[PDB]
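A closer look at the structure
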Amino acid sequence: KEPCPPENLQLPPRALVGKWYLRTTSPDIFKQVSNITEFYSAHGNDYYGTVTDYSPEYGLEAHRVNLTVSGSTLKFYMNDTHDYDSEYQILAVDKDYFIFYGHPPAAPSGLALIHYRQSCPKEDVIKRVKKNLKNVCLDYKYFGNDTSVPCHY
Ligand SMILES: *[C@@H]1O[C@H](CO)[C@@H](O[C@@H]2O[C@H](CO)[C@@H](O[C@@H]3O[C@H](CO)[C@@H](O)[C@H](O)[C@@H]3O)[C@H](O)[C@H]2NC(C)=O)[C@H](O)[C@H]1NC(C)=O
Ligand SMILES: *[C@@H]1O[C@H](CO)[C@@H](O[C@@H]2O[C@H](CO)[C@@H](O[C@@H]3O[C@H](CO)[C@@H](O)[C@H](O)[C@@H]3O)[C@H](O)[C@H]2NC(C)=O)[C@H](O)[C@H]1NC(C)=O
Ligand SMILES: *[C@@H]1O[C@H](CO)[C@@H](O[C@@H]2O[C@H](CO)[C@@H](O)[C@H](O)[C@H]2NC(C)=O)[C@H](O)[C@H]1NC(C)=O
Ligand SMILES: CCCCCCCC/C=C\CCCCCCCC(=O)O
Ligand SMILES: *[C@@H]1O[C@H](CO)[C@@H](O)[C@H](O)[C@H]1NC(C)=O
């Protein structure tokens, strides 16, 4: 489903700096790729860094990424594979998570991505994410988790 982005949502400088875990998406992409870790460093208003993930074909792999930021949108570019390369629009930004949405070749009808500061986000963070999704006309129940990451005994 296409979101209804906030009209005056600002993307503050260096808000994306550091390590993030991509743990929840719509549609569910985690049969295709899992254990996604992002690390971003600031370069002016833009970002550069690395994404590591587990590929069914390649096992644990690493890629260099660039984020080119313009207002509430950014261009995501990966160095050695381009199925996720797209413009992405920020839908929500918080100290504990951020959400954006784009239409990469891997999911051309739309892909919502939720990135967390925590590998296994606590209940209170997920509840905030649920509320943020509703605020941009999305629904958490239509998202899928990375079940390959052990967040429960
Ligand atoms: C899930 O993703 C995490 C994050 O990438 C993986 O943890 C990382 O695993 C690699 C390989 O075991 C570690 O690399 C090692 O780093 C040391 C220091 O740089 C180096 O000397 C070794 O030769 C090796 O390159 C990496 O440190 C480690 N990171 C963390 C934070 O633990 C994990 O393996 C992935 N698991 C699955 C099942 O995909
Ligand atoms: C896309 O970006 C990734 C991540 O930066 C690149 O992976 C890197 O590839 C180089 C080879 O070009 C690897 O160098 C290797 O280092 C190991 C020690 O770790 C050593 O055995 C050799 O000297 C070898 O040359 C480097 O480790 C590797 N980095 C990571 C984090 O995996 C990849 O090459 C880039 N691809 C393209 C097409 O630009
Ligand atoms: C994705 O993971 C979250 C977190 O584990 C799930 O939300 C929890 O679901 C369990 C039962 O599945 C409930 O007991 C918790 O109360 C839920 N937490 C919150 C904050 O609502 C979510 O259901 C998972 N989604 C899918 C599709 O499996
Ligand atoms: C905002 C998007 C950031 C998340 C990107 C998800 C990371 C997934 C990375 C790589 C997925 C695998 C690439 C596609 C597989 C084909 C590669 C090949 O056959 O050589
Ligand atoms: C971003 O991409 C440019 C290519 O235009 C590259 O030279 C640079 O190393 C990347 N990272 C930055 C600018 O932090």
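Looking at the method and resolution fields of the entry, one finds X-ray crystallography and 1.752 Å.

In the annotation of the PDB entry, the chain is listed under the name Milk protein and assigned to Diploptera punctata. The title field of the PDB entry reads "Structure at 1.75 A resolution of a glycosylated, lipid-binding, lipocalin-like protein".

1. Some thoughts on the site of ligand 1
Around ligand 1, the neighbouring residues are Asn35, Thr37, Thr52, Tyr54 and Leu60. Between ligand 1 and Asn35 there is a distance of 2.4 Å, counted from an oxygen atom to a side-chain nitrogen or oxygen. The contact in question runs from an oxygen atom of ligand 1 to an N or O atom on the side chain of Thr52, over 3.3 Å.

2. Describing the state of the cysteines
What the rule picks out here adds up to two disulfides. Here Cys4 pairs with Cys137 through a disulfide, and the sulfurs are 2.0 Å apart. What sets the handedness of the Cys4 and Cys137 disulfide is the S-S torsion sign, and at about 90° it is right-handed. Remark: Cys137 occurs in the loop between α1 (123–135) and β9 (144–145) and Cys4 occurs in the segment before β1 (18–26); sequence separation between them is 133 residues. The connectivity of the disulfide-linked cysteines in the chain, indexed sequentially, is 1-3, 2-4.

Scoring rules and cut-offs
Note on numbering: residues are counted from 1 along each chain in the order of its written sequence, which can differ from the entry, and residues with no coordinates are hidden. Starting at A for chains and at 1 for ligands, labels are handed out in the order in which the entities are written. Note that the side-chain values use all heavy atoms of the structure and ignore hydrogens as well as water. Residues with missing side-chain atoms are left out of burial classes, side-chain pairs and their counts. Residues are labelled near a given molecule or strand when at least one of their non-hydrogen atoms is within 4 Å of it. Two N or O atoms count as a polar contact when they lie within 3.5 Å, although within protein this holds only if one can serve as hydrogen donor and the other as acceptor, and sequence-adjacent residues are included solely when both atoms are side-chain atoms. By convention in this document, the label disulfide applies to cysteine sulfur atom pairs within 2.5 Å. Secondary structure elements follow DSSP: runs of H or I of four or more residues count as helices, runs of E of two or more count as strands, with numbering from the N terminus.

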